[PDB]
Every structure is written in structure tokens, then in C-alpha cells.
Amino acid sequence: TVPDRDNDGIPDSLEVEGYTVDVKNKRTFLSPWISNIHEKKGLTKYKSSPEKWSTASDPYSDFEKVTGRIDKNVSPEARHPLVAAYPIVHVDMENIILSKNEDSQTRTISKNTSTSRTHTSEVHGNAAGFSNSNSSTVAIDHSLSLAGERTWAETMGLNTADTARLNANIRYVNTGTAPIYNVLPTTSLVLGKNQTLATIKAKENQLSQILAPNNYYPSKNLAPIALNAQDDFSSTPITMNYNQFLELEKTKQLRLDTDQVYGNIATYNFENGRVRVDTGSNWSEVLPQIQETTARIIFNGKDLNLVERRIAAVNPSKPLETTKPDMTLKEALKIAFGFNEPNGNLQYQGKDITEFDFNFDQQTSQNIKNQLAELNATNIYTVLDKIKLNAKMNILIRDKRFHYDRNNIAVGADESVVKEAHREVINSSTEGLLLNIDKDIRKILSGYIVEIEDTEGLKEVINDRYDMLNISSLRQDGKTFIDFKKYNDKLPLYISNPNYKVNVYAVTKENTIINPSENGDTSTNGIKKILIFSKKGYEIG
Amino acid sequence: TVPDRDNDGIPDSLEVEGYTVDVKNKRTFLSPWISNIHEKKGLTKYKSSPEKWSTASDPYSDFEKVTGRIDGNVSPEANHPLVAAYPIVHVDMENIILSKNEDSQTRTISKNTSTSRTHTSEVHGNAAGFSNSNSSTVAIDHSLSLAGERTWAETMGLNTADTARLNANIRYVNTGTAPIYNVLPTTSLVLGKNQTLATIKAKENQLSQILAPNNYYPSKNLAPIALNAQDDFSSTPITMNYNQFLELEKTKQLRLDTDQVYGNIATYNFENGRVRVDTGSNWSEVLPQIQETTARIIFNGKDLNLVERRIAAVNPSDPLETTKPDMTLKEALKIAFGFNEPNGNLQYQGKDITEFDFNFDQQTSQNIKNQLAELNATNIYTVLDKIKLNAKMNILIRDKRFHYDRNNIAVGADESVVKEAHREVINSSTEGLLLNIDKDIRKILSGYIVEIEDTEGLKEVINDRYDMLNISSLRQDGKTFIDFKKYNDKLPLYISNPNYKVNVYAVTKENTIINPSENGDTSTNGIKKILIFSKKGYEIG
Ligand SMILES: [Ca+2]
Ligand SMILES: [Ca+2]
Ligand SMILES: [Ca+2]
Ligand SMILES: [Ca+2]
Numbered sequence: 174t175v176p177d178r179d180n181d182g183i184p185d186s187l188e189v190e191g192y193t194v195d196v197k198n199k200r201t202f203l204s205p206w207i208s209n210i211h212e213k214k215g216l217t218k219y220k221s222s223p224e225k226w227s228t229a230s231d232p233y234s235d236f237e238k239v240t241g242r243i244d245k246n247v248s249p250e251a252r253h254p255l256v257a258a259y260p261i262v263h264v265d266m267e268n269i270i271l272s273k274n275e283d284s285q286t287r288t289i290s291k292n293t294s295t296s297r298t299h300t301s302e303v304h305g306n307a322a323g324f325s326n327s328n329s330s331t332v333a334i335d336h337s338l339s340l341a342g343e344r345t346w347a348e349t350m351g352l353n354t355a356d357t358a359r360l361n362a363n364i365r366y367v368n369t370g371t372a373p374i375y376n377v378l379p380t381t382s383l384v385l386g387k388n389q390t391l392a393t394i395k396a397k398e399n400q401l402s403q404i405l406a407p408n409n410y411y412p413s414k415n416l417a418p419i420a421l422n423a424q425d426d427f428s429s430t431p432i433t434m435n436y437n438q439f440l441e442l443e444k445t446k447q448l449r450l451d452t453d454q455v456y457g458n459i460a461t462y463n464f465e466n467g468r469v470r471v472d473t474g475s476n477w478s479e480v481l482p483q484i485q486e487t488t489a490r491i492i493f494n495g496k497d498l499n500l501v502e503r504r505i506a507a508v509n510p511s512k513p514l515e516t517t518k519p520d521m522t523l524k525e526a527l528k529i530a531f532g533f534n535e536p537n538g539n540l541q542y543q544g545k546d547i548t549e550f551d552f553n554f555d556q557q558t559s560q561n562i563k564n565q566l567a568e569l570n571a572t573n574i575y576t577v578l579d580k581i582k583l584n585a586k587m588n589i590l591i592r593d594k595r596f597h598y599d600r601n602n603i604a605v606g607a608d609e610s611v612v613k614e615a616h617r618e619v620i621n622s623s624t625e626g627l628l629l630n631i632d633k634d635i636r637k638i639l640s641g642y643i644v645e646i647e648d649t650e651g652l653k654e655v656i657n658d659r660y661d662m663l664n665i666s667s668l669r670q671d672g673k674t675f676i677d678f679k680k681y682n683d684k685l686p687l688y689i690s691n692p693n694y695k696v697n698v699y700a701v702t703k704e705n706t707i708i709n710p711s712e713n714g715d716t717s718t719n720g721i722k723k724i725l726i727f728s729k730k731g732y733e734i735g
Numbered sequence: 174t175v176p177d178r179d180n181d182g183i184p185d186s187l188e189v190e191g192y193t194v195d196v197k198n199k200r201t202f203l204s205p206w207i208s209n210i211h212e213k214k215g216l217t218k219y220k221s222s223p224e225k226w227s228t229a230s231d232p233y234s235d236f237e238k239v240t241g242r243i244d245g246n247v248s249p250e251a252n253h254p255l256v257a258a259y260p261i262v263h264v265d266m267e268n269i270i271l272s273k274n275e283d284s285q286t287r288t289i290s291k292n293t294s295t296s297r298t299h300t301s302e303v304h305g306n307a322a323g324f325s326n327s328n329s330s331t332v333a334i335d336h337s338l339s340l341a342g343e344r345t346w347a348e349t350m351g352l353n354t355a356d357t358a359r360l361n362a363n364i365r366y367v368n369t370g371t372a373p374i375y376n377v378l379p380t381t382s383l384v385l386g387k388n389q390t391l392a393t394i395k396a397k398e399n400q401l402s403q404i405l406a407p408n409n410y411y412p413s414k415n416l417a418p419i420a421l422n423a424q425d426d427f428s429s430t431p432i433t434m435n436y437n438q439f440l441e442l443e444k445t446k447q448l449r450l451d452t453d454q455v456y457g458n459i460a461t462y463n464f465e466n467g468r469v470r471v472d473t474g475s476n477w478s479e480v481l482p483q484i485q486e487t488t489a490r491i492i493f494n495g496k497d498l499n500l501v502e503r504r505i506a507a508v509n510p511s512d513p514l515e516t517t518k519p520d521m522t523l524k525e526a527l528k529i530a531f532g533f534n535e536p537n538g539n540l541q542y543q544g545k546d547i548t549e550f551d552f553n554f555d556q557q558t559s560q561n562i563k564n565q566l567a568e569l570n571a572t573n574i575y576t577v578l579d580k581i582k583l584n585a586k587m588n589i590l591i592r593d594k595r596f597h598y599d600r601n602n603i604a605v606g607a608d609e610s611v612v613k614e615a616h617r618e619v620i621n622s623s624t625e626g627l628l629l630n631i632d633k634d635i636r637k638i639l640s641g642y643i644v645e646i647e648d649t650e651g652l653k654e655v656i657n658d659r660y661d662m663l664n665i666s667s668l669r670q671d672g673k674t675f676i677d678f679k680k681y682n683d684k685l686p687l688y689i690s691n692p693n694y695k696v697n698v699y700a701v702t703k704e705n706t707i708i709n710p711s712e713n714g715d716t717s718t719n720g721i722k723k724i725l726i727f728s729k730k731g732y733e734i735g
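Written out as C-alpha cells, the structure is:
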């Protein structure tokens with residue numbers, strides 16, 4: 174006869190005042206939080222809403238989340254009652270291949293790509323800020339693989355009356371916290387600004403495979419999915435005219451907008467413990483309610499990729515959402531991403547919180563500036579355990595070192611960081627070098643520039659082209675390999691004197707050029723470089 | 174037990190004499206209005222009718238509305254029992270392209293448009323005004339984009355025996371208070387008076403996406419819907435013969451009549467709280483009942499766009515509609531739109547109520563003139579808390595400063611406020627002008643006319659063309675930019691004497707012309723202008 178308004182299984186007083194789940198001899202017990210006998214064993218103090226069946230409005234209950242009777246692919250950070258469990262799938266593009274529409285063996289362009297999940301922010305000054327849909331922008335390689343390939347349009351033989359067809363290899367990736375079971379979304383390939391070339395639509399129930407969190411659908415040891423290469427019934431290619439081809443060759447960038455139609459939800463069944471796809475549940479019934487009653491936080495501290503989580507905060511207008519527990523910013527960071535306090539300081543695996551850069555949108559900036567004024571403080575890193583969150587807040591934590599473009603991708607840091615990151619030299623040789631460059635710093639480097647300094651000092655650039663900076667490689671053990679052999683007619687570096695200096699430069703992605711310049715510049719004159727490597731000729735060998 | 178006739182969950186005496194929903198320890202509590210302890214916390218005193226399950230006849234209950242057990246996309250002012258929740262969706266047209274029906285790279289004409297929701301009233305005196327329909331008019335840009343493009347019919351190269359095709363990019367927009375979930379409406383494109391060119395019937399349930407209030411269906415970071423472009427199952431073009439092309443070039447105006455077929459309603463499910471689209475409920479059942487038992491009020495204070503809200507008022511001939519609470523005009527403005535009285539004066543974000551203009555239909559003007567007669571007063575702005583509202587009224591609150599056309603769109607103000615709007619100069623030069631013009635004032639300006647004055651005084655107009663007035667540009671920092679270089683062959687203002695005077699004119703949207711006059715008049719001779727700018731040539735540098 175205890176009260177239970179929401180029918181999840183936990184009585185109301187437990188959900189308000191704190192509860193925990195403990196395993197005795199082998200059985201599980203759900204008991205209230207008694208501080209002296211529970212903190213010792215290392216248990217977690219849960220708090221929930223006594224009037225919602227799921228506090229984060231996702232399809233898994235509070236009981237099912239804390240007690241483990243859940244579909245086991247739900248990510249471990251989403252087993253808290255206040256972290257939402259929902260999938261976020263986008264499309265990753267491996268490589269494209271461009272042919273002319275009908283001896284065509286050396287008349288195709290086959291390039292590698294690079295796809296990243298984007299979070300487009302406010303434009304600076306001459307064009322709720324952060325919007326909720328899955329989109330990724332690819333970046334086609336501008337370097338050369340064939341020794342004498344040039345001039346894409348004349349490489350193929352494209353004229354103004356001709357059309358060009360496109361083909362590519364894609365694979366999906368779920369970076370959220372819940373699995374997708376049968377249906378895959380319908381992404382669309384936008385070129386330029388609004389010019390949709392095609393809508394990539396997978397066949398319905400052509401799979402029965404699960405798409406678990408942090409996993410790819412054609413797995414990394416299988417073959418990718420090719421756009422419209424199957425032909426047969428779908429012999430409809432992806433056609434571009436001449437103007438669109440010129441726009442693609444100028445910009446060298448596409449965009450893949452993915453929608454949010456997923457399948458059904460697989461639910462635990464209390465009789466025999468079987469997880470089975472429920473045709474009564476659906477993700478489209480849940481995703482708006484997740485998006486309206488939770489606070490979004492985006493973070494890239496594990497690697498330079500954006501990771502989105504949502505945390506169930508209050509909304510002071512509705513009385514049903516004033517029932518959820520109070521959520522400070524510190525606790526949200528601790529339960530959602532994995533920060534900790536080893537000695538008092540909130541850090542993320544060594545990196546302190548003061549090395550990250552808080553960026554809100556408009557409404558959140560107003561909302562937090564009011565709290566900072568009423569708390570009488572100016573440093574947000576001091577009062578991080580008093581900033582209350584509310585619903586529809588958008589926060590964006592990012593690393594302070596690098597510089598980010600309009601889509602919040604790291605495109606190149608300060609020069610002092612790049613110089614510091616190249617201080618570990620393992621092997622020096624006439625053919626190449628070996629360094630221990632960090633994984634984070636090596637994301638933002640577009641390429642390298644090699645030139646020879648005389649004893650007096652001169653400048654002769656071996657790879658003196660915009661599309662010849664691709665020399666660097668990486669052995670899997672953890673050691674990169676720069677290569678002078680690649681653009682020196684497969685002959686080693688011409689050490690004319692042992693008292694010379696071999697100057698190597700680095701260029702970040704915000705400074706590189708991907709096209710020929712205005713008049714004729716296929717040279718590295720107008721490219722900003724950073725001094726990286728300058729040693730004598732007799733310390734090389 | 175307590176009496177509860179309507180069977181929603183609130184007892185009768187509470188609904189008649191006032192109630193509110195308080196949150197104690199963490200649980201919610203529906204209580205009568207205790208004036209001592211509910212006024213301090215800032216709660217709202219609700220009132221409803223004890224015999225209607227939904228007082229504003231919309232498909233959400235009174236209980237569901239006050240307690241927060243509602244769809245979270247329902248607009249926040251429609252959380253009151255006395256404000257109806259229903260969608261008002263129309264079509265926004267972005268840009269059109271016109272070409273001849275079949283080398284067509286310069287045989288086309290591409291223009292940007294401007295779409296606004298209309299509220300067509302009666303003609304002045306020489307032909322009850324307000325009716326229930328969603329329609330918007332577009333305004334194709336009459337000015338030029340290239341250097342010397344002219345003469346639309348000769349630009350496309352048409353004769354009397356030619357037909358032209360039409361293609362455009364549209365976007366739906368929901369400005370009501372409730373969302374649509376699967377179905378999109380079926381608009382029709384009307385040229386002139388009744389010449390329907392085509393009916394847009396974008397296929398239902400090829401989407402599953404939501405059209406939330408104050409949001410667009412292909413969202414602003416996606417690509418728009420193209421009219422009849424892809425041809426997948428659309429083998430018919432949008433044809434237009436020569437006569438209709440002549441009227442289109444004469445008018446440069448269309449019309450988009452959108453009907454009211456929407457999908458189903460998503461309702462709260464009390465066992466697990468899942469908001470799920472119910473196949474039983476439907477908006478077609480609800481919308482006439484909303485339209486017969488409420489009193490609409492149209493307002494354009496936030497910007498110069500019309501916003502329609504409906505407030506549940508009594509109807510004295512009906513015994514079930516004498517159950518609803520008494521609604522005054524002040525309370526309707528306070529709960530529907532967001533007016534407040536800080537000191538005792540009803541004002542909408544600083545602007546006092548006396549800055550707005552009241553307009554009724556015939557029946558409402560009779561009904562309100564009788565109330566002013568029996569109240570013994572002549573000023574409606576003084577007795578605004580004693581004007582009772584009844585059902586089927588129609589009020590139109592609009593801004594006093596402007597002048598409105600047939601569709602109640604702001605098309606011009608008086609001269610004095612236009613001169614006052616341009617007295618903030620950020621930077622002045624011979625290249626352009628930097629100003630802070632207010633965003634509402636700059637919505638009624640069609641373009642500018644620039645000219646140079648002699649030291650004795652002469653009249654030399656630089657851009658002396660009707661299609662060469664678009665010399666204003668707006669940057670995202672919030673500051674406009676006039677530009678002399680646009681029609682001076684990319685060359686700055688040729689000042690001949692530093693003691694000259696520069697004169698810039700402004701032409702509003704009611705005074706501009708879209709077609710040259712009867713003989714050949716591409717001149718700006720008979721165009722009513724306004725003195726904006728008069729400095730010297732030695733002060734702009
Ligand atoms: Ca409970
Ligand atoms: Ca609960
Ligand atoms: Ca009742
Ligand atoms: Ca009622």
C-alpha cells in the first residue's frame with residue numbers, strides 16, 4: 174500500500190529522497206540510501222522523478238535502468254535515470270569514384293575522403323543557434339596518386355554538353371546510446387548549398403542486423419555499401435552537369451543530411467527475460483519528447499570528434515517537469531561523460547576542466563549570466579557546482595588549444611603547440627624521418643613542405659606544388675614516417691654537403707589550398723608554413 | 174465523492190472558483206487558490222468550465238493542460254485552459270525560375293521572392323471581412339541582378355504562340371500553437387484572380403517528420419522542397435501560356451491558397467507517459483468546434499507579421515457556453531500574447547497599449563459600441579478591463595505608425611518616422627553608409643535613390659532606373675550598408691567639388707513601381723521620395 178504514481182516499480186519516497194541497488198549473496202536488493210553503510214561499499218545514490226515512468230523520457234524505465242533488466246546494448250553511461258538513451262546515426266563516406274556518362285580505364289578519378297559529424301554554429305558577422327539533425331560533410335582528397343595526373347576535367351575529358359556520374363562507398367555509424375534494429379535512415383547528398391544530387395535510400399528490411407552504439411553497419415572487416423553500383427532495378431545513377439562538376443571541383447566538399455526514422459524498440463520481457471523487438475513501440479514517438487525535456491552537452495575531449503549526450507533537467511513552466519531532481523553542471527559532466535574528482539579538481543583523465551572552453555547559445559548565455567550575477571562571481575570554473583541546468587539548454591565544451599571552423603571541426607592550433615609536438619625524433623635518415631607525434635595534433639596537419647638550406651642558406655622546395663604535400667605516413671606501432679622518396683624520382687635526398695640544413699615545414703588545414711590559385715600558382719609561395727625540423731646534415735646519415 | 178460532471182479530473186468547485194497546480198516536496202498537487210501561499214511563489218490562477226472536458230474545444234483536456242501531461246511541442250501559451258491549441262500552416266515561397274517550354285542557360289530568369297501571410301479585409305468604399327483560411331501572397335523581385343538584363347518576355351524569347359514553365363522552391367511554416375505529424379496540406383497556386391496554375395500535393399507518408407510551431411518543414415539548415423523538379427512520379431510540368439505570362443509580368447504577384455487537412459493528434463497515454471499519434475483523433479473533427487466557440491484576435495507587435503490566437507469566450511444564447519469563465523479584453527491580451535502591466539499600464543515589451551489600433555468586423559463593432567454606451571465611456575483604452583468578450587468575435591490589433599494595404603501588410607509609414615529612423619551613422623564614406631536602422635522600419639522600404647547636388651544646387655541622379663534601387667545590404671552584425679558602387683560601373687562616387695552636397699532618397703513599398711510606364715519611362719521622375727541624407731562632400735571623405 175505504498176504510493177506509486179508512475180507505475181515503474183520504485184515507491185515515491187525512494188525516488189525523491191535517494192535509493193540504490195545492491196547485490197547481496199547473489200540476489201539484488203533495491204533499498205533507500207543510508208549514508209554510513211552505503212558510501213563505504215562504493216554505491217551510487219540515484220534520484221528520480223516520482224511521477225514520470227521514465228525521467229529522461231526514453232523508452233526504458235527507471236527501474237529497468239538501475240536494476241539491469243534492460244536491453245544489454247544500451248551504453249553504460251545511459252543506465253542512470255537522468256541520462257537519455259537514444260540513437261544518433263550518421264553516414265561515413267569512404268571513397269568516391271567519378272566517371273563520365275556514356283576505353284575509359286584512365287578516365288576516372290578515384291580519391292579518398294574524410295567524413296566528420298558536424299555541429300554548425302552561429303556565423304560571425306556578415307551572413322536557437324544549434325539545431326538538431328544528423329549531418330556530416332565529406333572532404334575529397336586534393337593530392338595526387340598518379341605521377342602525372344592533372345586537371346580533373348581534362349583528366350576525364352568533360353565538355354559543356356556532357357554529364358558526369360558519381361559513385362561512392364558509404365557506411366553508417368551509431369554514435370548514440372541505444373541500438374537500431376531493422377531500419378536504416380534515408381540520407382540525402384547535398385552539394386553546394388541546396389543542390390541535392392540524390393537521396394540514398396537503403397532497401398527496406400534488406401537487413402536484420404543490429405546497429406549497436408559505437409559500431410558501423412558494414413563492419414570494419416567487411417565490404418562497404420556502394421551507392422547505385424548494384425544497377426539492375428535501381429540503374430538510376432547520380433548525375434551532375436558541367437556547372438555542378440565545376441562547383442564540386444572548386445569546393446571539393448559534399449554534405450550528407452540524415453533524417454531520424456529508425457525502427458522499433460527492443461524491450462525486456464519479465465517472464466522469460468527475452469529482449470524482443472516490440473511493434474507497439476517506435477523511436478519517432480520518443481525522440482521529440484527527449485528533445486524537449488532535456489539539456490544537450492557536446493564534448494570532444496576523448497578525441498577530436500563531437501559527442502552528444504542529453505541530461506534530464508527541470509523546466510520551471512510545466513509542473514510535471516518540476517518533479518525531476520536538481521541537476522548542476524558538475525554532476526551532469528560527472529555522470530554523462532566520465533569526469534572525476536581525484537583530489538578536488540574536476541578532470542577528464544588528467545586534463546583539468548580549465549583546459550576546456552564553454553560555449554553556450556543565446557538563451558543559455560542569458561540564463562547562465564543571470565545565475566552568475568546572482569551568485570556574485572565571474573569565473574565559471576569556480577562555481578561549476580552551483581550552475582543549475584534547465585530544459586532546452588545547449589552547451590558546447592571543446593578543447594582550448596586548437597582553432598575551430600564554422601562546423602566546429604579542429605583545423606589547426608597555435609604554432610607553439612605544433613613545435614612542441616615535434617620534439618620527439620626517433621630516426622633520421624636520407625630517405626625519411628620517424629617521429630612520435632601525438633594523435634590529436636596529427637588530425638589538424640594537412641601536409642608537409644621539404645626544402646634544403648645551404649651553409650649560406652638557400653631555398654629549393656622539392657615538392658613545390660599545392661597538390662604535392664602528401665608525403666607523410668604512419669606505421670601502426672605508433673611512429674609516423676615522413677618521406678622524401680615520394681617526390682624525388684624514387685631517388686634519395688641529394689645531400690650536397692654535410693654542413694647543410696634540411697628544412698621541413700608543416701601546414702595546417704586552415705592554411706592549405708585545394709585549388710590552383712588565380713593566375714598560375716601551382717607553387718607553395720602563398721602557403722603559410724611553420725618551422726618544424728632544422729638540423730645539420732651530419733646528424734642524419 | 175466529489176462532483177465532477179465533465180469527467181476530466183478537476184472537481185467542479187475548483188474549476189469555478191479558481192485552482193492552481195503546486196509542486197510540494199517533489200510531487201505535484203492540484204489545489205484551490207489559497208491567496209496567501211500561492212501568490213508568493215508566482216503561480217497562475219486558473220478557471221475553466223465544469224461541464225466541458227476541454228474548455229477551448231481543442232483536443233487536450235483541462236487537466237492535461239494545467240498539469241503538464243501534454244505533448245511538449247504544444248506552444249507555451251496554449252497550456253492555459255482558455256487558449257485553443259491548433260495549427261495554422263501556410264506556404265513560404267523562396268525563389269522561382271522561369272523558362273520556355275522546349283541551350284537554356286541564358287534563356288531562363290531566376291528571381292527571389294517574398295512571402296507573407298495575409299488577412300484580406302473589405303475594399304474601402306467602391307467595390322464581414324474576416325474569414326477562416328490560410329493564404330499568402332508572394333512578391334517576385336522587380337529589380338535586376340546582372341548588368342543590363344531587361345524585358346522579361348524578350349529575355350526568355352517568347353512569341354504569342356509560346357508556353358512557359360514554372361519551377362520554384364517552397365517551404366511550409368506552422369505559426370499556430372499545435373504540431374502536425376504526418377500529413378501536409380494541399381495548397382494551390384493562383385495567378386491573377388482565379389487562374390489556378392497548379393495544385394501542390396506533396397505525397398503524404400513519404401515523410402514521417404514533424405512540423406512544430408514556429409518552425410519550417412524542410413528546416414533552415416536543409417534544402418527546400420522543389421516544385422515539380424525531380425519528376426519522379428510527376429510527368430506534368432507547370433505550364434503557362436503567353437497571356438498568363440503577360441499578366442504575371444504586369445503584376446509580379448501570385449497567391450497560395452492552403453486548405454486545412456491535417457493529420458492526427460498525438461495524445462498522452464497515462465500508463466507509461468508515451469505521447470503517441472492516435473488514429474482515432476483527427477483535426478478535422480476538432481477545427482469547426484474551435485472556430486465556433488472562441489474569439490480570434492490578430493496581432494503584429496512582435497514583427498510586422500500577423501499572429502492569430504483564439505481565446506475561449508462565453509456565448510449567451512447557449513447554455514453550455516454560459517459555463518465558461520468571464521473573459522475581459524485585458525485578460526485575453528495578457529494570457530494569449532504576453533502583455534503585462536508593470537506599473538498599472540498594459541504594455542507589450544515597452545510599447546504601451548495606446549500605440550496600437552483596434553479594428554473589428556460589423557458584429558463585434560456593434561457588440562462593443564453597445565458595451566461602451568452602457569458603460570458610459572468613450573475611450574476604449576481606459577475601460578479595457580471591462581470589455582467582455584463573447585464567442586465569434588474578431589478583433590485586429592495593429593501598429594499605429596504604418597499604413598496597411600488590402601492584406602493588412604505594412605507597406606509604408608509617414609515621413610516623420612522615416613526621417614527619424616535614419617539619424618544614427620556608424621561610418622560615412624564615398625563607398626557607402628553604415629547605419630543602425632530598426633528592423634521593422636526597414637521592412638517597408640523598397641529601395642533607395644541616390645543623387646549628387648551642386649554647391650549652388652543641381653539634380654543628378656546616379657541610378658535613375660526603377661529597377662536600380664536595391665542598393666541596401668544588411669550584414670549579420672545588425673548594421674545596414676548603402677552602396678554607391680552598384681550602378682556606377684564598380685567605381686566610387688565621383689565628387690567634383692568637396693563643397694558639394696549628397697542627397698539620398700527613400701521609396702516605400704506603396705510608392706514603388708514594378709513596370710515601366712506607358713511610353714518608355716524607366717525614369718525616377720514621378721516617384722514620391724523622402725529626404726534621408728544631406729551632408730557635404732568634405733565630410734564623407
Ligand atoms: Ca515510482
Ligand atoms: Ca519514476
Ligand atoms: Ca471537471
Ligand atoms: Ca473542465
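Chains H and A are the protein sequences, given in the same order. With the authors' numbering as the guide, the letters of the first sequence map in order to residues 174 to 275, 283 to 307, 322 to 735. With the authors' numbering as the guide, the letters of the second sequence map in order to residues 174 to 275, 283 to 307, 322 to 735. For each residue, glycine too, the CB sits at the ideal point set by N, CA and C.
Would you say residue i touches ligand 4, meaning its beta carbon is less than 7 Å from a heavy atom?
i: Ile-505 of chain A; result: no
i: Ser-290 of chain A; result: no
Can you tell me whether residue i sits near ligand 2, meaning its C-beta is under 7 Å from at least one heavy atom of the ligand?
i: residue 317 of chain H; result: There are no coordinates for residue 317 of chain H in this structure, because the numbering of chain H runs from 307 directly to 322.
i: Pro-412 of chain H; result: no
i: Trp-226 of chain H; result: yes
Which one or two residues does DSSP pair with residue i in a beta bridge?
i: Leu-383 of chain H; result: H:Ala-392 and H:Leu-450
i: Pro-205 of chain H; result: H:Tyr-192
i: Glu-654 of chain A; result: A:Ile-646
i: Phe-554 of chain A; result: A:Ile-589
Taking residue i and residue j to be in contact with their CB atoms under 8 Å, please state how far apart those CB atoms are, rounded to whole angstroms.
i: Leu-216 of chain H; j: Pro-205 of chain H; result: The Cβ separation is near 12 Å, so there is no contact.
i: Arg-359 of chain A; j: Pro-418 of chain A; result: Not a contact, Cβ separation roughly 18 Å.
i: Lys-528 of chain H; j: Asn-534 of chain H; result: 7 Å
i: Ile-676 of chain A; j: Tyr-642 of chain A; result: 6 Å
i: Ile-270 of chain H; j: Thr-286 of chain H; result: Not quite, the Cβ-Cβ distance comes to about 13 Å (not below 8 Å), so this is no contact.
Considering only heavy atoms of ligand 3, does any lie closer than 7 Å to the CB of residue i?
i: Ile-183 of chain A; result: yes
i: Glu-190 of chain A; result: no
Is residue i near ligand 1, with its Cβ less than 7 Å from a heavy atom?
i: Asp-181 of chain H; result: yes
Query raised in the report: Residues in the region 479 to 512 of chain H with C-beta within 8 Å of chain A's C-beta atoms, listed in sequence order?
Result: Residues of the region 479 to 512 of chain H with a C-beta less than 8 Å from any C-beta of chain A: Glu-479, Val-480, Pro-482, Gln-483, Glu-486, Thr-487, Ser-511 and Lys-512, listed in chain order.
Requested in this report: Would you list, in chain order, the members of the region 449 to 471 of chain H that have their beta-carbon closer than 9 Å to a beta-carbon of chain A?
Outcome: Those would be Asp-451, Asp-453, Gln-454 and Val-455, in chain order.
Requested in this report: Starting from the N-terminal side, write out each stretch of the beta strand (DSSP E) that is 3 residues or longer and does not extend beyond the region 544 to 592 of chain H.
Outcome: Runs of the beta strand (DSSP E) inside the region 544 to 592 of chain H: 550 to 554.
Report task. Counting only runs of 3+ residues fully inside the region 605 to 635 of chain H, write out the beta strand (DSSP E) ranges in chain order. Result -> Those beta strand (DSSP E) runs which fall completely within the region 605 to 635 of chain H and span 3+ residues are 619 to 622 and 626 to 629.
Query raised in the report: If you measure beta-carbon to beta-carbon, which residues of the region 417 to 429 of chain H are closer than 8 Å to chain A?
Result: Answer set for the region 417 to 429 of chain H: empty.
Query - chain A contacts from the region 682 to 699 of chain H (Cβ-Cβ distance under 7 Å) - result: Within the region 682 to 699 of chain H, not one residue has a Cβ closer than 7 Å to any Cβ of chain A.
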